[PDB]
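Trainee: One file is attached below, data.pdb, containing PDB, C-alpha atoms.
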```pdb
ATOM      1  CA  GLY A 487      69.141   2.605  42.557  1.00  0.00           C
ATOM      2  CA  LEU A 488      68.529   3.579  46.173  1.00  0.00           C
ATOM      3  CA  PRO A 489      67.126   7.125  45.792  1.00  0.00           C
ATOM      4  CA  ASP A 490      63.511   6.298  45.013  1.00  0.00           C
ATOM      5  CA  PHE A 491      60.609   8.500  43.979  1.00  0.00           C
ATOM      6  CA  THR A 492      58.602   9.613  47.012  1.00  0.00           C
ATOM      7  CA  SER A 493      55.107  11.042  46.726  1.00  0.00           C
ATOM      8  CA  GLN A 494      54.074  13.990  48.865  1.00  0.00           C
ATOM      9  CA  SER A 495      51.418  11.792  50.469  1.00  0.00           C
ATOM     10  CA  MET A 496      54.026   9.314  51.695  1.00  0.00           C
ATOM     11  CA  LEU A 497      56.128  12.165  53.058  1.00  0.00           C
ATOM     12  CA  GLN A 498      53.131  13.514  54.964  1.00  0.00           C
ATOM     13  CA  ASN A 499      52.404  10.031  56.303  1.00  0.00           C
ATOM     14  CA  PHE A 500      55.986   9.773  57.545  1.00  0.00           C
ATOM     15  CA  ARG A 501      55.680  13.319  58.978  1.00  0.00           C
ATOM     16  CA  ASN A 502      52.556  12.193  60.925  1.00  0.00           C
ATOM     17  CA  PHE A 503      54.399   9.083  62.115  1.00  0.00           C
ATOM     18  CA  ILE A 504      57.183  11.241  63.544  1.00  0.00           C
ATOM     19  CA  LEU A 505      54.668  13.575  65.163  1.00  0.00           C
ATOM     20  CA  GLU A 506      52.487  10.965  66.847  1.00  0.00           C
ATOM     21  CA  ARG A 507      55.335   8.710  68.053  1.00  0.00           C
ATOM     22  CA  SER A 508      56.842  11.829  69.583  1.00  0.00           C
ATOM     23  CA  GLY A 509      53.813  12.626  71.730  1.00  0.00           C
ATOM     24  CA  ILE A 510      52.109  15.430  69.796  1.00  0.00           C
ATOM     25  CA  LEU A 511      48.617  14.963  68.408  1.00  0.00           C
ATOM     26  CA  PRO A 512      48.632  15.595  64.630  1.00  0.00           C
ATOM     27  CA  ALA A 513      45.329  17.480  64.946  1.00  0.00           C
ATOM     28  CA  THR A 514      46.489  20.119  67.463  1.00  0.00           C
ATOM     29  CA  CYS A 515      46.621  22.424  64.433  1.00  0.00           C
ATOM     30  CA  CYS A 516      49.876  22.892  62.502  1.00  0.00           C
ATOM     31  CA  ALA A 517      53.097  21.145  63.521  1.00  0.00           C
ATOM     32  CA  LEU A 518      56.243  20.373  61.492  1.00  0.00           C
ATOM     33  CA  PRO A 519      59.223  18.341  62.771  1.00  0.00           C
ATOM     34  CA  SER A 520      61.610  20.563  60.828  1.00  0.00           C
ATOM     35  CA  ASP A 521      60.587  23.491  63.043  1.00  0.00           C
ATOM     36  CA  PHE A 522      62.046  21.819  66.155  1.00  0.00           C
ATOM     37  CA  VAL A 523      65.713  21.810  65.147  1.00  0.00           C
ATOM     38  CA  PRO A 524      68.552  24.377  65.305  1.00  0.00           C
ATOM     39  CA  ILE A 525      70.076  26.148  62.328  1.00  0.00           C
ATOM     40  CA  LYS A 526      73.843  26.709  62.650  1.00  0.00           C
ATOM     41  CA  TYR A 527      76.364  24.082  63.876  1.00  0.00           C
ATOM     42  CA  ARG A 528      77.534  26.362  66.751  1.00  0.00           C
ATOM     43  CA  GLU A 529      73.811  26.859  67.611  1.00  0.00           C
ATOM     44  CA  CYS A 530      73.193  23.135  68.120  1.00  0.00           C
ATOM     45  CA  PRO A 531      74.355  20.470  70.604  1.00  0.00           C
ATOM     46  CA  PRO A 532      76.950  18.095  69.113  1.00  0.00           C
ATOM     47  CA  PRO A 533      74.433  15.216  69.014  1.00  0.00           C
ATOM     48  CA  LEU A 534      72.038  16.781  66.495  1.00  0.00           C
ATOM     49  CA  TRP A 535      74.857  18.054  64.282  1.00  0.00           C
ATOM     50  CA  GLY A 536      73.975  15.455  61.657  1.00  0.00           C
ATOM     51  CA  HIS A 537      70.461  16.863  61.658  1.00  0.00           C
ATOM     52  CA  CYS A 538      71.817  20.383  61.246  1.00  0.00           C
ATOM     53  CA  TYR A 539      73.914  19.243  58.296  1.00  0.00           C
ATOM     54  CA  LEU A 540      70.846  17.612  56.792  1.00  0.00           C
ATOM     55  CA  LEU A 541      68.850  20.820  57.206  1.00  0.00           C
ATOM     56  CA  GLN A 542      71.526  22.956  55.566  1.00  0.00           C
ATOM     57  CA  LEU A 543      71.778  20.426  52.739  1.00  0.00           C
ATOM     58  CA  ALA A 544      68.001  20.475  52.326  1.00  0.00           C
ATOM     59  CA  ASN A 545      67.914  24.270  52.161  1.00  0.00           C
ATOM     60  CA  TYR A 546      70.739  24.264  49.622  1.00  0.00           C
ATOM     61  CA  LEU A 547      68.938  21.722  47.447  1.00  0.00           C
ATOM     62  CA  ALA A 548      65.610  23.528  47.785  1.00  0.00           C
ATOM     63  CA  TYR A 549      67.008  26.852  46.606  1.00  0.00           C
ATOM     64  CA  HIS A 550      69.161  25.099  43.988  1.00  0.00           C
ATOM     65  CA  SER A 551      66.148  23.394  42.401  1.00  0.00           C
ATOM     66  CA  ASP A 552      64.324  26.766  42.108  1.00  0.00           C
ATOM     67  CA  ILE A 553      61.575  25.228  44.276  1.00  0.00           C
ATOM     68  CA  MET A 554      61.900  28.205  46.645  1.00  0.00           C
ATOM     69  CA  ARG A 568      64.727  24.377  37.084  1.00  0.00           C
ATOM     70  CA  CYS A 569      68.304  24.557  38.666  1.00  0.00           C
ATOM     71  CA  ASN A 570      70.574  23.687  35.622  1.00  0.00           C
ATOM     72  CA  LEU A 571      68.372  20.677  34.720  1.00  0.00           C
ATOM     73  CA  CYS A 572      65.923  22.862  32.755  1.00  0.00           C
ATOM     74  CA  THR A 573      67.322  26.203  31.589  1.00  0.00           C
ATOM     75  CA  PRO A 574      70.283  25.151  29.381  1.00  0.00           C
ATOM     76  CA  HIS A 575      68.792  22.530  27.045  1.00  0.00           C
ATOM     77  CA  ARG A 576      65.436  21.194  28.266  1.00  0.00           C
ATOM     78  CA  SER A 577      63.871  24.674  28.131  1.00  0.00           C
ATOM     79  CA  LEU A 578      61.878  25.107  24.926  1.00  0.00           C
ATOM     80  CA  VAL A 579      62.005  28.910  25.132  1.00  0.00           C
ATOM     81  CA  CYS A 580      65.801  28.933  25.390  1.00  0.00           C
ATOM     82  CA  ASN A 581      66.371  26.043  22.949  1.00  0.00           C
ATOM     83  CA  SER A 582      65.140  26.960  19.469  1.00  0.00           C
ATOM     84  CA  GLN A 583      65.761  23.512  17.969  1.00  0.00           C
ATOM     85  CA  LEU A 584      63.702  21.761  20.644  1.00  0.00           C
ATOM     86  CA  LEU A 585      60.833  24.222  20.204  1.00  0.00           C
ATOM     87  CA  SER A 586      60.847  23.789  16.427  1.00  0.00           C
ATOM     88  CA  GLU A 587      60.863  20.011  16.848  1.00  0.00           C
ATOM     89  CA  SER A 588      57.918  20.266  19.240  1.00  0.00           C
ATOM     90  CA  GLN A 589      55.898  22.385  16.805  1.00  0.00           C
ATOM     91  CA  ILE A 590      55.847  19.459  14.345  1.00  0.00           C
ATOM     92  CA  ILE A 591      55.024  16.828  16.976  1.00  0.00           C
ATOM     93  CA  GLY A 592      51.795  15.643  15.359  1.00  0.00           C
ATOM     94  CA  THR A 593      51.940  16.646  11.680  1.00  0.00           C
ATOM     95  CA  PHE A 594      53.971  13.605  10.651  1.00  0.00           C
ATOM     96  CA  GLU A 595      53.011  11.068   8.028  1.00  0.00           C
ATOM     97  CA  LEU A 596      54.908   8.398   6.031  1.00  0.00           C
ATOM     98  CA  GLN A 597      53.422   5.418   4.167  1.00  0.00           C
ATOM     99  CA  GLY A 598      55.288   3.855   1.262  1.00  0.00           C
ATOM    100  CA  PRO A 599      53.890   0.414   0.484  1.00  0.00           C
TER
ATOM    101  CA  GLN B 310     -10.791  35.995  -1.784  1.00  0.00           C
ATOM    102  CA  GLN B 311      -7.508  37.278  -0.363  1.00  0.00           C
ATOM    103  CA  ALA B 312      -3.950  36.661  -1.532  1.00  0.00           C
ATOM    104  CA  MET B 313      -0.614  36.680   0.286  1.00  0.00           C
ATOM    105  CA  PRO B 314       2.827  36.564  -1.349  1.00  0.00           C
ATOM    106  CA  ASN B 315       4.859  33.380  -1.282  1.00  0.00           C
ATOM    107  CA  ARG B 316       7.520  33.066   1.376  1.00  0.00           C
ATOM    108  CA  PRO B 317      11.142  33.713   0.378  1.00  0.00           C
ATOM    109  CA  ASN B 318      13.309  30.612   0.116  1.00  0.00           C
ATOM    110  CA  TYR B 319      16.978  30.932  -0.830  1.00  0.00           C
ATOM    111  CA  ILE B 320      18.762  27.763  -1.954  1.00  0.00           C
ATOM    112  CA  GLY B 321      22.472  27.251  -2.424  1.00  0.00           C
ATOM    113  CA  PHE B 322      25.477  25.200  -1.466  1.00  0.00           C
ATOM    114  CA  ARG B 323      26.520  24.743   2.148  1.00  0.00           C
ATOM    115  CA  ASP B 324      29.193  26.424   4.230  1.00  0.00           C
ATOM    116  CA  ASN B 325      32.499  24.933   3.079  1.00  0.00           C
ATOM    117  CA  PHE B 326      30.664  22.605   0.686  1.00  0.00           C
ATOM    118  CA  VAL B 327      29.578  20.387   3.548  1.00  0.00           C
ATOM    119  CA  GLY B 328      28.102  17.064   2.513  1.00  0.00           C
ATOM    120  CA  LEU B 329      29.482  16.922  -1.029  1.00  0.00           C
ATOM    121  CA  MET B 330      31.992  14.215  -0.056  1.00  0.00           C
ATOM    122  CA  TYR B 331      31.439  10.867   1.694  1.00  0.00           C
ATOM    123  CA  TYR B 332      33.465  11.204   4.865  1.00  0.00           C
ATOM    124  CA  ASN B 333      32.674   8.698   7.615  1.00  0.00           C
ATOM    125  CA  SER B 334      30.567   6.517   5.296  1.00  0.00           C
ATOM    126  CA  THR B 335      31.383   2.898   6.118  1.00  0.00           C
ATOM    127  CA  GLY B 336      29.305   1.615   3.209  1.00  0.00           C
ATOM    128  CA  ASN B 337      31.017   4.007   0.774  1.00  0.00           C
ATOM    129  CA  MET B 338      34.647   4.632   1.750  1.00  0.00           C
ATOM    130  CA  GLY B 339      37.947   5.170  -0.030  1.00  0.00           C
ATOM    131  CA  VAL B 340      41.365   3.540  -0.094  1.00  0.00           C
ATOM    132  CA  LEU B 341      44.806   5.042  -0.687  1.00  0.00           C
ATOM    133  CA  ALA B 342      46.504   1.642  -0.839  1.00  0.00           C
ATOM    134  CA  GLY B 343      49.233   0.462  -3.170  1.00  0.00           C
ATOM    135  CA  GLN B 344      48.497  -1.274  -6.445  1.00  0.00           C
ATOM    136  CA  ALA B 345      49.705  -4.493  -4.772  1.00  0.00           C
ATOM    137  CA  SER B 346      49.134  -3.840  -1.050  1.00  0.00           C
ATOM    138  CA  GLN B 347      45.399  -4.282  -0.338  1.00  0.00           C
ATOM    139  CA  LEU B 348      45.725  -2.292   2.905  1.00  0.00           C
ATOM    140  CA  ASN B 349      43.263   0.607   3.061  1.00  0.00           C
ATOM    141  CA  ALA B 350      45.226   3.606   4.339  1.00  0.00           C
ATOM    142  CA  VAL B 351      42.025   5.656   4.762  1.00  0.00           C
ATOM    143  CA  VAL B 352      40.240   4.332   7.866  1.00  0.00           C
ATOM    144  CA  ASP B 353      37.002   6.180   7.103  1.00  0.00           C
ATOM    145  CA  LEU B 354      34.797   5.183  10.039  1.00  0.00           C
ATOM    146  CA  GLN B 355      32.033   6.991  11.913  1.00  0.00           C
ATOM    147  CA  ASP B 356      33.940   7.394  15.192  1.00  0.00           C
ATOM    148  CA  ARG B 357      35.235  10.816  14.101  1.00  0.00           C
ATOM    149  CA  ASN B 358      33.068  13.566  12.606  1.00  0.00           C
TER
END
```
I'd like the structure from this file rewritten - as structure tokens, please.

Mentor:
Amino acid sequence: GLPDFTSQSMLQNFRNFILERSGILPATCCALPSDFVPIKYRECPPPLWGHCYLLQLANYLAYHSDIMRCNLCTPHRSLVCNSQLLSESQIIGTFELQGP
Amino acid sequence: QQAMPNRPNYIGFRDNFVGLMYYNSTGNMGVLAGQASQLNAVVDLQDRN
């Protein structure tokens, strides 16, 4: 159960932690830690290769999730694509059953 | 002495027969309960209009 929901606010707080501890004022306009990192493995010193792998993984996930649905939404969870789910939704409230 | 005609006054029922029932009347409500249930299935209170 390790992967735990993270709110954008907590991520920004962590982002500010990284920035300050690293000697850059958070208020000197815009600054993102992800901007100070190479891209390709052969474009980075061996040390930060883990970081490069993480960045490639992050880009892959980001484009996979459609964040710019992935396959978590379109096949079944999509009401437009799934007729049965849409029809079930249409009757969400008009239900009634007493039999005493 | 002068005379003026009486003012027109049309009377009829209301739009969608408003008021002819007793919705949201706590004193005078209804029940859709079973012959041997004594549980009023029509919660006719004044919270909803």

Trainee: Which residues, protein or nucleic acid, reach to within 8 Å of (35.7, 9.4, 6.2) in the file's coordinates when using all atoms listed in the file, and can you give that as an MDAnalysis selection string?

Mentor: chainID B and resid 331:335 338:339 351:355

Trainee: List every residue of chain A that has an atom at most 9 Å from any atom of chain B, giving for each one its closest atom pair and the distance in Å to one decimal, counting only C-alpha atoms, sorted by chain and then by ascending residue number, as CSV.

Mentor:
```
residue,atom,partner,partner_atom,distance
A:597,CA,B:350,CA,8.4
A:598,CA,B:343,CA,8.2
A:599,CA,B:343,CA,5.9
```

Trainee: Let me see the file: selected residues, C-alpha atoms, as an mmCIF file, in the frame of the given file.

Mentor:
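The file below, out-v7.cif, is the result:
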```
data_model
loop_
_atom_site.group_PDB
_atom_site.id
_atom_site.type_symbol
_atom_site.label_atom_id
_atom_site.label_comp_id
_atom_site.auth_asym_id
_atom_site.auth_seq_id
_atom_site.Cartn_x
_atom_site.Cartn_y
_atom_site.Cartn_z
ATOM 1 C CA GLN A 597 53.422 5.418 4.167
ATOM 2 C CA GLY A 598 55.288 3.855 1.262
ATOM 3 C CA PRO A 599 53.890 0.414 0.484
#
```

Trainee: To one decimal in Å, tell me the separation between atom CA of residue 516 of chain A and atom CA of residue 501 of chain A.

Mentor: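 About the pair atom CA of residue 516 of chain A and atom CA of residue 501 of chain A: they are 11.7 Å apart.
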
Trainee: To verify the selection step, state as a VMD selection string which residues the PyMOL selection byres ((chain A and resi 518) around 10) yields on this input.

Mentor: chain A and resid 498 501 to 502 504 to 505 512 516 to 517 519 to 522

Trainee: Output C-alpha atoms for every residue in the selection just made, as a short mmCIF file (atom, residue, chain, number, x, y, z; two decimals), in the coordinates of the input.

Mentor:
```
data_model
loop_
_atom_site.label_atom_id
_atom_site.label_comp_id
_atom_site.auth_asym_id
_atom_site.auth_seq_id
_atom_site.Cartn_x
_atom_site.Cartn_y
_atom_site.Cartn_z
CA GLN A 498 53.13 13.51 54.96
CA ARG A 501 55.68 13.32 58.98
CA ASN A 502 52.56 12.19 60.92
CA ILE A 504 57.18 11.24 63.54
CA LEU A 505 54.67 13.58 65.16
CA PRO A 512 48.63 15.60 64.63
CA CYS A 516 49.88 22.89 62.50
CA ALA A 517 53.10 21.14 63.52
CA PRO A 519 59.22 18.34 62.77
CA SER A 520 61.61 20.56 60.83
CA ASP A 521 60.59 23.49 63.04
CA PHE A 522 62.05 21.82 66.16
#
```

Trainee: From (69.7, 20.1, 60.3), in the file's coordinates, out to 12 Å: which residues are reached, counting all atoms listed in the file? Answer as an mmCIF file with C-alpha atoms, in the frame of the given file.

Mentor:
```cif
data_model
loop_
_atom_site.group_PDB
_atom_site.id
_atom_site.type_symbol
_atom_site.label_atom_id
_atom_site.label_comp_id
_atom_site.auth_asym_id
_atom_site.auth_seq_id
_atom_site.Cartn_x
_atom_site.Cartn_y
_atom_site.Cartn_z
ATOM 1 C CA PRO A 519 59.223 18.341 62.771
ATOM 2 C CA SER A 520 61.610 20.563 60.828
ATOM 3 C CA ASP A 521 60.587 23.491 63.043
ATOM 4 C CA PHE A 522 62.046 21.819 66.155
ATOM 5 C CA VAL A 523 65.713 21.810 65.147
ATOM 6 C CA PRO A 524 68.552 24.377 65.305
ATOM 7 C CA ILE A 525 70.076 26.148 62.328
ATOM 8 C CA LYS A 526 73.843 26.709 62.650
ATOM 9 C CA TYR A 527 76.364 24.082 63.876
ATOM 10 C CA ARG A 528 77.534 26.362 66.751
ATOM 11 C CA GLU A 529 73.811 26.859 67.611
ATOM 12 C CA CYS A 530 73.193 23.135 68.120
ATOM 13 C CA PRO A 531 74.355 20.470 70.604
ATOM 14 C CA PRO A 532 76.950 18.095 69.113
ATOM 15 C CA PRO A 533 74.433 15.216 69.014
ATOM 16 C CA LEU A 534 72.038 16.781 66.495
ATOM 17 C CA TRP A 535 74.857 18.054 64.282
ATOM 18 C CA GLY A 536 73.975 15.455 61.657
ATOM 19 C CA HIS A 537 70.461 16.863 61.658
ATOM 20 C CA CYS A 538 71.817 20.383 61.246
ATOM 21 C CA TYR A 539 73.914 19.243 58.296
ATOM 22 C CA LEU A 540 70.846 17.612 56.792
ATOM 23 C CA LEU A 541 68.850 20.820 57.206
ATOM 24 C CA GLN A 542 71.526 22.956 55.566
ATOM 25 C CA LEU A 543 71.778 20.426 52.739
ATOM 26 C CA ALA A 544 68.001 20.475 52.326
ATOM 27 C CA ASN A 545 67.914 24.270 52.161
ATOM 28 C CA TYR A 546 70.739 24.264 49.622
#
```

Trainee: Would you work out the distance separating atom CA of residue 337 of chain B from atom CA of residue 595 of chain A, expressed in Å to one decimal?

Mentor: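 Between atom CA of residue 337 of chain B and atom CA of residue 595 of chain A the gap works out to 24.2 Å.
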
Trainee: Adding 4 Å on each side of the box along x, y and z that holds all listed atoms of segment 342-358 of chain B, could you give its centre and edge lengths in Å to one decimal, as JSON?

Mentor:
```
{"center_x": 40.9, "center_y": 4.5, "center_z": 4.4, "size_x": 25.7, "size_y": 26.1, "size_z": 29.6}
```

Trainee: Can you work out the spacing between atom CA of residue 547 of chain A and atom CA of residue 510 of chain A in Å, to one decimal?

Mentor: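 Pair atom CA of residue 547 of chain A / atom CA of residue 510 of chain A returns 28.7 Å.
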